[PDB]
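Every residue, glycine as well, gets a Cβ built from its backbone with ideal geometry; the counts of neighbours run over all protein chains shown. Throughout, read-outs are computed from the coordinates displayed, never taken from laboratory work.
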Amino acid sequence: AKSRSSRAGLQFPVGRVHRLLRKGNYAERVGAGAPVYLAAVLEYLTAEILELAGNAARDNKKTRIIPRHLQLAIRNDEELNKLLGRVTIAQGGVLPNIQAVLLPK
Amino acid sequence: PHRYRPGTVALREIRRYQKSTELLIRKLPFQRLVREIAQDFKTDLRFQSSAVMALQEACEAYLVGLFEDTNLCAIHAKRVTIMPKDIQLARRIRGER
Amino acid sequence: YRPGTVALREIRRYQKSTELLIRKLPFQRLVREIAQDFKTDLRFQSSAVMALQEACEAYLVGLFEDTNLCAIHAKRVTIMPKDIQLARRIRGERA
Amino acid sequence: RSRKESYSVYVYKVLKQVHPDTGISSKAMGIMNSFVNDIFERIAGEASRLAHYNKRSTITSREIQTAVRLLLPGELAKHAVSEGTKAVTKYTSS
Amino acid sequence: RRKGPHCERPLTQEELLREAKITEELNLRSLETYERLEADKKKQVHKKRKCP
Amino acid sequence: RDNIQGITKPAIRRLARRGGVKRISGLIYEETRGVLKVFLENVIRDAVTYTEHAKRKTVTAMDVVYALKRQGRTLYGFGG
Amino acid sequence: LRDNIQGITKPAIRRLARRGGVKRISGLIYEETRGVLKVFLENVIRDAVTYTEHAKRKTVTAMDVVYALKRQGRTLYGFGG
DNA sequence: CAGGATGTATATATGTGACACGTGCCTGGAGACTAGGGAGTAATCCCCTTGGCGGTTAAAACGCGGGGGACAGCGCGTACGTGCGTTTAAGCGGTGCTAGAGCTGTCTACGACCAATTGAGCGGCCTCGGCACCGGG
DNA sequence: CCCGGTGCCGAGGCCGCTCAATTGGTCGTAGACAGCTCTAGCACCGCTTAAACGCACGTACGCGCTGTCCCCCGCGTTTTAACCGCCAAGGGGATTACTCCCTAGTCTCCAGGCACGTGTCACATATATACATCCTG
């Protein structure tokens, strides 16, 4: 009747998260609120990254998030950068930056 | 005739390739190299089309980071130009050596 | 003594022993200082403090080993601040 | 065919919530799904490690909270913890 | 919302254009005849000697 | 076979441009080739080790992703 | 407490550098080393206090420090029982 | 091309810290012995995704020329090292006190578990429009 | 680099089915909480003194400058193959049949983990000449 996602006010699949937690060998007993909490954290991070990438792609006259702007957002946000430090986004490119020493004048 | 001074076209190439998002290594040569390397690990192993692309993406990202650290080490020595010693120091600090 | 001989002597001396190079009583107070910013009236075990001091000393030894090469890269014998800065940047701590 | 599965629908819903008009491509959607899966794996592993440390045979909301604290850098941790606690409080009231 | 495009030069005169192309016919015929005669009088397909 | 030269001077130069270098030495290409060869050899060894256990005749992007995660070079875009 | 980072004196930092192989040391290297050590201890002790508070304990055990160092990548033997 | 003048080993010794070794406890383990479950090995077989043919231009490559950058030599300056003297708080270990980590004992709500029901999600398919491509300013 | 035109295939929305999420119901067990305690963490104070702090002096190392020599950099033309489509068929995956391996439970039993005291058994600290190992002449 009521999905736990809508019950908690979340969009992510609390039920799928609970299933994955109890089937991933993480523990022998998954708390009632553990999957809700995990889904909430995942939704928060996803909303952050999606908003940043959206307004990074819309800053380039586009209307569709692409890997380039996803990478731009992930590398411009100091928190998301520390989070996904050793991660590489395919087709993301690099940040435009030329060292002053290499630059002329 | 007309030719640019040394340092004008390099900056243009940098500004271009730093915004362009496309594999710089040649696809078929990289695939042949991957097959060569896998031959010394197991004979007659097949590779999915996406596996070679993923390997190329990862290798290009690794080399881009390595060249960034190499340029940093080169500038540390008051040298605008990079050289194998810069890659050596970059890897040494990274912990790969 | 010539500047450098008594320094290479200390290098060979401290690359031979294994005792702690930082003083306990001063380092435990720094540990409690940094812990105050996280929890008031926090207790620490002697073994925990010794492990913290060991980790700090090992990290600093590695940092100075990298800084030595960073300095030698510039044909310099003395380590300058930009050397430790490059070490940290290429390590990924302050990139 | 099999049934490969992903959070694409929920990612798209959150994308609509944050930017009602800004879409997302298939490559970007796959990258976001991979990111979500990796974060899930890391948080769940950290929660299981915390449970093993505390000798608890269960991973609870408190374990998830501490795992998020041990992974997110500062303001991100403080915001994710608030989101999780609010979600769990709203869930417990229904 | 600062910049904007522009366009101009909307002129094409039917009869004057017909005259202009009937004139360009002169240049076309000159080019054809010149190319033909120059080829026939210069190429005269053959070869040359070696430079040792 | 010895087809390691497929990673040519122009490709290494474009990689350097993307990495932000504006001037390359004459002995950088032979070093970059060896570094890339070692990195590949490692990742492909891990991928083949996964494939052997998987009992699959075809190496998969999933195995490549697992090898990258083992080496610490996590990659997003290929289902992981 | 306060200003206990100054409990890492120039002789101590110079011994730490001698053990790392450095021969000659500059003046600001000591301040740089103090600042780096403080930043490292900050993260290590934050992880330790996060492992402690979660356990409802009032004492930071050695296993908490070990787990913090493992998280930070500095696996430390000799204090794991 | 020496020699005071330090510093660094090298070898020997001993007795107090610590491995080392019984002496019995037992309780958490380690294995043996029936009974029950179950998922993956094995054999087919349908079906896409590889690996293999011939062209097209686009990028790699070869060369050239000179120009700006690396590397070596050299010198000026100052600061970083070493030694001496004064100063301070670090190491020691001796005593006092209580705070809470830990063991323990009891009672209990939460979750694994099992069965039935329902709709959220996902493969699939099609229509369509955001951005790839492009040639003039 | 920016702007107007065309164009196409990949994004995004609809259809439909099913399998996972959900609802309802039970057992029990890990945990929450209170009770007790005894170790260790905390505080303090004095005798000892090794390390730290401050200052003087000069010597050698940073660093700035200059000069040569070349080794990359930009541009033109020349040669190779990466790249974009078809065509078998070789494998990656559905579908069915079936057994060795592990699960679960319950006793029976070898083994290791300390509490304690006893007896050996390192090498830290101390002492000295032998050896470098300098550095000023």
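Couple of notes before you dig in:
- Dipole of the stretch A:1-99 [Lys/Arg +1, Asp/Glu -1 at C-beta], most positive-end residue of A:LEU72, A:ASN55, A:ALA27: A:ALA27
- Cα→Cβ-extended label distance, 7 Å offset, between F:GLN5 and G:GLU42, nm: 5.3 nm
- Beyond 30 Å in Cα-Cα separation lie the following of the pairs A:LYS2/G:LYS56; A:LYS23/D:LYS86; D:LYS27/F:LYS57; D:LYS16/D:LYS78: A:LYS2/G:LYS56.
- Only alpha carbons enter this Debye calculation for chain G, each as an equal point scatterer, and the log10 of I(q)/I(0) it gives at q = 0.11 Å⁻¹ is -0.40.
- Computed from Cα atoms, the angle from the helix E:14-42 axis to the main principal axis of chain E rounds to 20 degrees.
- Neighbour-count order for C:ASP66, F:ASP46, fewest beta carbons within 10 angstrom listed first: F:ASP46, C:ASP66
- A:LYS23-B:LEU28 pseudo-label distance in nm [points 7 Å out on the Cα-to-Cβ vector]: 4.4 nm
- FRET E, pair C:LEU8, A:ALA100, Förster distance 30 Å, beta-carbon r, rounded to 0.05: 0.20
- Binning the C-alpha pair distances of the protein assembly as shown at 10 Å intervals from 0 yields a P(r) profile of 3, 13, 19, 22, 19, 11, 5, 3, 3, 2, 0 %, listed from the shortest bin outward.
- Charge dipole of chain F about the Cα centre (unit charges at C-beta), most positive-ward option of F:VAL65, F:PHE78, F:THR8: F:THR8
- For the pair the stretch D:20-90 and chain E, the centres of their Cα atoms are 71 angstrom apart.
- Residue of B:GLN31, B:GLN18, B:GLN39 that the Gaussian network model of chain B assigns the largest fluctuation, springs spanning Cα pairs under 10 Å: B:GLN18
- Among the helices of chain F, those built from whole DSSP H runs whose Cα atoms reach 30 Å or more along their own axis and whose mean Kyte-Doolittle hydropathy is at least -0.5 are F:28-54.
- DSSP H segments from chain B that extend 24 Å or more along their own axis, Cα-based, with Kyte-Doolittle mean of 0.5 or above: B:49-76
- Hydrophobic long helices, here whole DSSP H runs in chain A with Kyte-Doolittle means of at least -1.0 and Cα atoms spread over 27 Å or more along the helix axis, are found at A:33-57.
- Gyration tensor verdict on the stretch C:11-94 (Cα atoms; rounded if a/c is under 1.5, prolate if a/b is larger than b/c, oblate otherwise): oblate
- Counting neighbouring beta carbons within 10 Å and listing from fewest to most, the residues F:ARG23, F:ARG73, F:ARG17 come out as F:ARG23, F:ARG73, F:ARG17.
- Its DSSP H runs of at least 4 residues, each contributing -39,500 (n - 2.57), put the calculated 222 nm mean residue ellipticity of chain C at -21500 deg cm²/dmol, to the nearest 500.
- Summing Cβ point charges (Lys, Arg +1; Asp, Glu -1) relative to the Cα centre of chain C gives a dipole of roughly 360 debye.
- Rg ratio for chain A: its Cα radius of gyration over 2.2 N^0.38 Å, N being its residue count, equals 1.46.
- Sorted by Cβ neighbour density within 10 Å, fewest at the top, the residues A:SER6, D:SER6: A:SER6, D:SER6
- Across chain C, the longest piece that holds none of the GluC sites (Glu not before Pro) lying in DSSP loops with up to 13 other C-beta atoms within 10 Å covers C:20-92.
- Annotation: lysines with alpha-carbon distance below 23 angstrom to C:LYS16 (same-chain offsets under eight excluded): C:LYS24, G:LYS10, G:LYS23.
- Cα-based helix-to-principal-axis angle, D:26-53 vs chain D, degrees rounded to 10: 10 degrees
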